[PDB]
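K.L.:
This block holds the first chain(s) of the complex, placed as they are in the complex; more will follow:
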Amino acid sequence: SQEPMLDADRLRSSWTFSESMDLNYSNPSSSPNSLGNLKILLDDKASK
């Protein structure tokens, strides 16, 4: 999803924290494969 740069809106970002607001999703982390992927993900998220 495109943030992209703003500034919009209110406190000139007003959110701007933003560790996926809470994650890294820090899997173990220990998993550097990265798959060369993909669309990003149509996945029915495009249908969403």
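P.N.:
Looks like it arrived, so ask away. Numbers count the residues shown, from 1 in each chain, chains lettered A, B, ... in the order given.
K.L.:
Next, work out how far apart the residue positioned nearest the centre of chain A and residue A:47 are.
P.N.:
Of all residues in chain A, the one closest to the mean position by CA atoms, centre = their mean is residue A:20, 6.5 Å from it. To residue A:47, residue A:20 is 23 Å away according to CB to CB, to the nearest Å. Using the backbone N, CA and C atoms, a C-beta is placed for each residue, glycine as well.
K.L.:
For residue A:29, the count of nearby residues, please.
P.N.:
Counted by other CB atoms under 10 Å, the residues lying close to residue A:29 total 8.
K.L.:
before we move on, what SS does it have?
P.N.:
Taking DSSP: H, G, I helix; E, B strand; the rest coil as the rule, one finds residue A:29 in the coil state.
K.L.:
try residue A:33
P.N.:
Assignment for residue A:33 (three-state DSSP): coil.
K.L.:
attach chain B to the model above:
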Amino acid sequence: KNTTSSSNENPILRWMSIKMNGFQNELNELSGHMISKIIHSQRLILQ
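P.N.:
Below is chain B, added to the chains above:
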């Protein structure tokens, strides 16, 4: 003799084995940070 040595190679295995610790530790540290940085280069360029 041996002695092996004359302190200064027994006690410069305090050099030699520990210069080997500076070297093996140097490859250890550069291995670590270099490996994780390049991991944060496929992160940082590919990903």
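K.L.:
ok chain B is loaded, check the neighbour count of residue A:29 again?
P.N.:
9 (other CB atoms under 10 Å in any protein chain shown).
K.L.:
quick one: it and residue A:21, what's the gap?
P.N.:
As judged by CB to CB, residue A:29 and residue A:21 stand 18 Å apart.
K.L.:
quick one on the thing from earlier: look at the residue nearest to the centre of chain A and tell me its secondary structure.
P.N.:
coil.
K.L.:
got the contact list for it?
P.N.:
Applying CB atoms under 8 Å, 6 or more residues apart in numbering or on different chains to residue A:20 gives no contacts.
K.L.:
Then the one 5 residues further on?
P.N.:
Listed by CB under 8 Å, 6+ apart, residue A:25 has no contact partners.
K.L.:
SS state for it?
P.N.:
Once three-state DSSP is applied, residue A:25 turns out coil.
K.L.:
where does residue A:45 land in three-state SS?
P.N.:
Going by three-state DSSP: residue A:45 is coil.
K.L.:
Relative to chain A, how far out is residue B:22?
P.N.:
As defined by CB to the nearest CB, to the nearest Å, residue B:22 lies at a distance of 29 Å from chain A.
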